[PDB]
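For reference, the structure is listed below as structure tokens.
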Amino acid sequence: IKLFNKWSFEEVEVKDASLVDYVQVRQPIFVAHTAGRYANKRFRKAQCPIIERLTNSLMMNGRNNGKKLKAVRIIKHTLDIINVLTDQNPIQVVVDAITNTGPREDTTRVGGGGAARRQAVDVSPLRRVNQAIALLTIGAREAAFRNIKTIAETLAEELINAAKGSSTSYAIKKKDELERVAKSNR
Amino acid sequence: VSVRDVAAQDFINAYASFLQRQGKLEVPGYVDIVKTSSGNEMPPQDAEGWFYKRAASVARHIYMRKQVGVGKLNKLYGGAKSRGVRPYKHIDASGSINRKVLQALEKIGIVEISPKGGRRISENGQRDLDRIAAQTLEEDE
Amino acid sequence: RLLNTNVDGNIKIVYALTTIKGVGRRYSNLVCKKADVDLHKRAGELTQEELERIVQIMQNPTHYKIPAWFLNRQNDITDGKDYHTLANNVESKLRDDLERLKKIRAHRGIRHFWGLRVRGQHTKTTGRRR
Amino acid sequence: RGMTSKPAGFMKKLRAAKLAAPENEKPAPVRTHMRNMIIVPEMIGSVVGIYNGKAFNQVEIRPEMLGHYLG
Amino acid sequence: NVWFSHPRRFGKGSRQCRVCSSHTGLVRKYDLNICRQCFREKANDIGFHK
Amino acid sequence: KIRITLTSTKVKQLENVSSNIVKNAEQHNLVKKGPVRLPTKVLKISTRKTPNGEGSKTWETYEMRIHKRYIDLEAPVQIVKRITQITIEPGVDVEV
Amino acid sequence: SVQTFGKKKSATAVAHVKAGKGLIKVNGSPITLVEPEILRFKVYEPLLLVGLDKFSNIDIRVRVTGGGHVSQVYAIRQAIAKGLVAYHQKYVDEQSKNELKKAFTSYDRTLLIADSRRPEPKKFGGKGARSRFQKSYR
RNA sequence: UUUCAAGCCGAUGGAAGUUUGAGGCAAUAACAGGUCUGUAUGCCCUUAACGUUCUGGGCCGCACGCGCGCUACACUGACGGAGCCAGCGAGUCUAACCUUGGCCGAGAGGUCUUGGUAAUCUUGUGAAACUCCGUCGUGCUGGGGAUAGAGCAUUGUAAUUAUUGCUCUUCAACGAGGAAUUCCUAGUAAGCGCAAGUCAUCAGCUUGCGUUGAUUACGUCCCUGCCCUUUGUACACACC
Numbered sequence: 040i041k042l043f044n045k046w047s048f049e050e051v052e053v054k055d056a057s058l059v060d061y062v063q064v065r066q067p068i069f070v071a072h073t074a075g076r077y078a079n080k081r082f083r084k085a086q087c088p089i090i091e092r093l094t095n096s097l098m099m100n101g102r103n104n105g106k107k108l109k110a111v112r113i114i115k116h117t118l119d120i121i122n123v124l125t126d127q128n129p130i131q132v133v134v135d136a137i138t139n140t141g142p143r144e145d146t147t148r149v150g151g152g153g154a155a156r157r158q159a160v161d162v163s164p165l166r167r168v169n170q171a172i173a174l175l176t177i178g179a180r181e182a183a184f185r186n187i188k189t190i191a192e193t194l195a196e197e198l199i200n201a202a203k204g205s206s207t208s209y210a211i212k213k214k215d216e217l218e219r220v221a222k223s224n225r
Numbered sequence: 004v005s006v007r008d009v010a011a012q013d014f015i016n017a018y019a020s021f022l023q024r025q026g027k028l029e030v031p032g033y034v035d036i037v038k039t040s041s042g043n044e045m046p047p048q049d050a051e052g053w054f055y056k057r058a059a060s061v062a063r064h065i066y067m068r069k070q071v072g073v074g075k076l077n078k079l080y081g082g083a084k085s086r087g088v089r090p091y092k093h094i095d096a097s098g099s100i101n102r103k104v105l106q107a108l109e110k111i112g113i114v115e116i117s118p119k120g121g122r123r124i125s126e127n128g129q130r131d132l133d134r135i136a137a138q139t140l141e142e143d144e
Numbered sequence: 016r017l018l019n020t021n022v023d024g025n026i027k028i029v030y031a032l033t034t035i036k037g038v039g040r041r042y043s044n045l046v047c048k049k050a051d052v053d054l055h056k057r058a059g060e061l062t063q064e065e066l067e068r069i070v071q072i073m074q075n076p077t078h079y080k081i082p083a084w085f086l087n088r089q090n091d092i093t094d095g096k097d098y099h100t101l102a103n104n105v106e107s108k109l110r111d112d113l114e115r116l117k118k119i120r121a122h123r124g125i126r127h128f129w130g131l132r133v134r135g136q137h138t139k140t141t142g143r144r145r
Numbered sequence: 047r048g049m050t051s052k053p054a055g056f057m058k059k060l061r062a063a064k065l066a067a068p069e070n071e072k073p074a075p076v077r078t079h080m081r082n083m084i085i086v087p088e089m090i091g092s093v094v095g096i097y098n099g100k101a102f103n104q105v106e107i108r109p110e111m112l113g114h115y116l117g
Numbered sequence: 005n006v007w008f009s010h011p012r013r014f015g016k017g018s019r020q021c022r023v024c025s026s027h028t029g030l031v032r033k034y035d036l037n038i039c040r041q042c043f044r045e046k047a048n049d050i051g052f053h054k
Numbered sequence: 021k022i023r024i025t026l027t028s029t030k031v032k033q034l035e036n037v038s039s040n041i042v043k044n045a046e047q048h049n050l051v052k053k054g055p056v057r058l059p060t061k062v063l064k065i066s067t068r069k070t071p072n073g074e075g076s077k078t079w080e081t082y083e084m085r086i087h088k089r090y091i092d093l094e095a096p097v098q099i100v101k102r103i104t105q106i107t108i109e110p111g112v113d114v115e116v
Numbered sequence: 006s007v008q009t010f011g012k013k014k015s016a017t018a019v020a021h022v023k024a025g026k027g028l029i030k031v032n033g034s035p036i037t038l039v040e041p042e043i044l045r046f047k048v049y050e051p052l053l054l055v056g057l058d059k060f061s062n063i064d065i066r067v068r069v070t071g072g073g074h075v076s077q078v079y080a081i082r083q084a085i086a087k088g089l090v091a092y093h094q095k096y097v098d099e100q101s102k103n104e105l106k107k108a109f110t111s112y113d114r115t116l117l118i119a120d121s122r123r124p125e126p127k128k129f130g131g132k133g134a135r136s137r138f139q140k141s142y143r
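Take a look at the structure:
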């Protein structure tokens, strides 16, 4: 539906087919994607997947102190940036990125003392959303801290490298890591 | 219109321009001994030099609440746990500001004293507020 | 030349004044805008007009938010700065004050003989600095 | 500090000063663990003996000091 | 001790318990009780108070 | 308004005295604004059962449920005197 | 008149709904003036939701005390919605229950029912708040 | 779905689901568990004094080690101005809480006048997180803050030892911490203010409250505690 009374999902093309069935843009699980602002700076790009789960993983990791009150400005104010930069819908570009950052098959760990037994478990739709946003935000909060960059610019730049495919990106690279070790130790 | 229709901050700035015109309100010279001795650069809205912007704020609060007290226009009514409380004991920095401002506004006919303690706002007062509120509202639309 | 003994220059005015005992980091900016210069402005960029306004405030009294202000002095007849106190003045007064009440048994004078706190702030864990 | 309206000068030591000063200055330190007194001009010369805790550390009371407490 | 009605200065004779001699943080509302200790005991006796 | 207020321990003594003022004092010559309930004049607190000593793991919740009724008598005429007939149920603290 | 209640996070939204005029009075000041920030599209939200636009149609006068800028914008909103179903037309107004249930559709924390939420503290024993811990399939 | 049992799994209806959330309840007994400093109390003791009174100094000592809290190493933001908002509780019975009006004046600070409230008033929208906008631009700084020195109150006797705090000035350790270890299961930790309790008077504590509020269980292999059945015993002052 209409996200901030302008952009919708009817002008958005969907990539992964099984995410159409499960995650619905009605409300469970809300397929409108946008995050990447702190303070006042209009950088370039926007993007961070599923707004319902930007209340989730994106909040606590941040990097920000303060919970949702911070988060809603991160989500809102970056929408206009990508709209005049690449001239795209802020949802459409990262509907490409969500499937690239979400694994198909993952690995559980079970700890038998000082032994890491990574065995394969299957994913399929729902977990792929929130674990992907966890992968985005953990790479983003540490990249804001460890070099001179605000969380505005970090979240923004990341997801076109995640969408197309690059080793610069954290989230597609850790998706690769977890997926290929599952199909190996299966 | 009324003072509600116009915004909070920019009404205080707009009213402060006309406040400087009226030569009953002078600066007794307190806030020029703070903002310069700091580091702080405040550009002309934020600037307050000073009795003009502060008089516009204080007079707006007699539209918004209206009931008595120079003290209840000094600090809102009780809570000066932020910055410094002063009720019975001898009045400080905040004291000598606000006793002067409502004294000077009284010599216009902006505020009068109502008989259950302290101030209200009278005829020429709310003229000088809400007529300027109309002009700002026409620039907003 | 502004100060007694020291002289600033070259670096940003807030950083350049920090090397004075009497003007620090969040104490340089106090005097700077009272002269009416900015913080980005370096001390080697100063015009004669700007140089005159800064030294006038800095040697005579400093302030912040002061609506009530007398100028009483020590009553003891050693010195009497008590306006603003720069380098060679702050190393003199604060030194020999400690020695006068140390000569007698003032209890602050005996805490100066010990090492322990003079004000007496919660004395158990503090003492790694003083 | 108590200056205006009743400075806190403890009345027992005013009796001590009026005795010991007009005779002869007593060169032995008189112990006086009273901290809460204002020091007055009849105490000048004579060695007052405020305690600290573990030790004592000799007074020479000067005509320049009067105004403060024993502090 | 404290129970003598003429201390030297105003604040010497502080507060004490009735039951015990104990001193260590009593109650203004009830001048009895050891410290905290007979507060909950004498609640279990009869009634309560804040 | 001639302010009468009642307060007692629990419900059982309170129901009788409250209803009796409506029956006895009120008739026709008195109009009351009437028999209200109100919140309780209670004082609750959670503390520990052992008073300090052994056992941080112990609790005891307390209250003082002292049930007030106001029941205000408006018309201040002849019939406001006839309250002196009801003196029943001690434990009810009447306050005027 | 038709009035109603509607609270979340402590609030008292005293929402009168009335025919004729269409000025939205919040206490003793209009809609834009009381809530000047960002979230105040929410108090204008169930108005245009019903089908036709407001201002022309129905008059709204609320009183409200209790609730922050996060709470109040839902309290007023919930009361306008709960008073919509209780309103009178000619067909009338009861089946707008289902469309206010279909307001926040298919994950039903709706505008018919309340946000039954009162943000109090953080818990002891695991990790906790609201929505239970540990799931691979979430 | 399960034997067409009990139950589970999800869904509908609603403000609310599987004892709704949180208290209150602690069987029978054991640990010769702790309390003789609460009072009660057997017996042992001491009695010109392990009684009592006066006052000071100690409990704040220190040359290191251990445990628990608080605060920071930051743009996770700081600094200046403006603006929107909660709930639980307190307040003389003859020393209250507090609104007001003027006057000392570098602070901690009450005699007096007037008005409200016995809780209708008042503490509390001069309530933060947060939001808007601007500036600083990653340097021990515009970071952080210990410590020291410098101007006073018609009362709280009075604050050197041993009070908080307000303005200028002093501007450290510290730049995310080894071996190792603890807590956090769905509005009840984190993060955030606000109020009570003792109190003439010294909170970061205890006690109570609301606001904004989520990452993650596939699975019990290993670890620690507890329960049931089966199983070996030479174990029995409690099964050191």
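Chains AG, AT, AM, AS, AN, AJ and AI are the protein sequences, given in the same order.
Count the first sequence with the deposited numbering and you get residues 40 to 225, in order.
Count the second sequence with the deposited numbering and you get residues 4 to 144, in order.
Count the third sequence with the deposited numbering and you get residues 16 to 145, in order.
Count the fourth sequence with the deposited numbering and you get residues 47 to 117, in order.
Count the fifth sequence with the deposited numbering and you get residues 5 to 54, in order.
Count the sixth sequence with the deposited numbering and you get residues 21 to 116, in order.
Count the seventh sequence with the deposited numbering and you get residues 6 to 143, in order.
Virtual Cβ for every residue (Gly too), placed ideally from N, Cα, C.
From the listed residues AS:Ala62, AS:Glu110, AS:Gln104, AS:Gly48, the smallest Cα separation to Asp94 of chain AM is found for AS:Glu110.
With contacts defined by Cβ atoms closer than 8 angstroms, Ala17 of chain AT and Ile135 of chain AT form a contacting pair.
For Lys80 of chain AM, the closest Cβ of chain AT is nearer than 8 angstroms. What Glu44 of chain AT touches in chain AM, judged by beta-carbon distance under 8 angstroms, is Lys48, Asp53, going in chain order. Contact between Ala159 of chain AG and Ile113 of chain AG fails: their C-beta atoms lie close to 35 angstroms from each other, not under 8 angstroms. For the set AT:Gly42, AT:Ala19, AT:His93, AT:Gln138, the Cα lying nearest the Cα of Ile28 of chain AM is the one of AT:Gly42. Sequence-distant partners of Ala179 of chain AG (beyond 5 residues in either direction) whose C-beta falls short of 6 angstroms from its own C-beta, in its chain, are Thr193, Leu194. Contact of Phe109 of chain AI with chain AG is assigned, a C-beta pair being separated by under 8 angstroms. In the DSSP assignment, the residues bridged to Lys23 of chain AI are AI:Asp64. Here the C-alpha atom of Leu32 of chain AM lies approximately 15 angstroms from the C-alpha atom of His99 of chain AM.
Taking one beta carbon from each stretch, the region 23–39 of chain AI and the region 5–25 of chain AT have 3 or more pairs nearer than 8 angstroms; the two touch. The beta carbons of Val19 of chain AI and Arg68 of chain AI sit closer together than 8 angstroms. If the five residues before and after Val7 of chain AI are omitted, its C-beta is found closer than 8 angstroms to the C-beta atoms of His21, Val22, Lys23, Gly88, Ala91, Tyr92, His93, all from its own chain and listed in chain order. At a cut-off of 8 angstroms between beta carbons, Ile36 of chain AT contacts chain AM.
Nearest C-alpha to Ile35 of chain AM among AM:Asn104, AM:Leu113, AM:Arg143: AM:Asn104. In summary, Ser51 of chain AS is exposed, with fewer than 16 beta-carbon neighbours lying within 10 Å of its beta-carbon over all protein chains present. Distance from the CA atom of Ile121 of chain AG to the CA atom of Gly52 of chain AT, rounded to whole angstroms, is 42 angstroms. In the three-state reduction of the DSSP assignment, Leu108 of chain AG falls in the helix class, which pools H, G and I. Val46 of chain AM places its beta carbon less than 8 angstroms from that of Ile69 of chain AM. The bridge partners DSSP lists for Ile81 of chain AI come to none. Its chain contains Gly24, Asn25 as the residues whose beta carbon lies nearer than 7 angstroms to that of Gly59 of chain AM, once the 5 sequence neighbours on both sides are disregarded; these appear in chain order.
In this structure, DSSP gives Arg132 of chain AM a state outside helix and strand, which the three-state scheme calls coil.
When only Cα atoms are considered, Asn44 of chain AJ and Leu58 of chain AJ end up about 22 angstroms apart. For the pair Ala80 of chain AI and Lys12 of chain AI, the CB atoms are nearer than the 8 angstroms cut-off. Checking the DSSP bridge columns, you'll see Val160 of chain AG partnered with AG:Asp145. The DSSP-derived three-state label of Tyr115 of chain AS is strand. Between the beta-carbon of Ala84 of chain AI and that of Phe10 of chain AI there is about 6 angstroms, and that keeps the pair under the 8 angstroms contact cut. Between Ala173 of chain AG and the set AG:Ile187, AG:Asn128, AG:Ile211, AG:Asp60, the nearest pair of CA atoms involves AG:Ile211.
In the same chain as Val134 of chain AG, and ignoring 5 residues on each side of it, the C-beta atoms closer than 8 angstroms to its own belong to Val51, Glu52, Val53, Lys54, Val70, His72, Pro88, in chain order. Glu80 of chain AJ is a Cβ neighbour of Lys69 of chain AJ, given a cutoff of 8 angstroms.
Assigned with DSSP and collapsed to three states, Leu93 of chain AJ falls in strand.
Around the C-beta of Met73 of chain AM, 16 or more other C-beta atoms lie within 10 Å, and the residue is accordingly described as buried. Look at the beta carbons and you see the region 43–63 of chain AT touching the region 93–106 of chain AT: at least three pairs across the two are nearer than 8 angstroms. Between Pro142 of chain AG and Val168 of chain AG, the CB-CB gap reaches or exceeds 8 angstroms.
Residues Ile96, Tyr115, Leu116, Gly117 of the same chain have their beta carbon placed closer than 8 angstroms to that of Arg81 of chain AS, with the five preceding and five following residues left out of the count.
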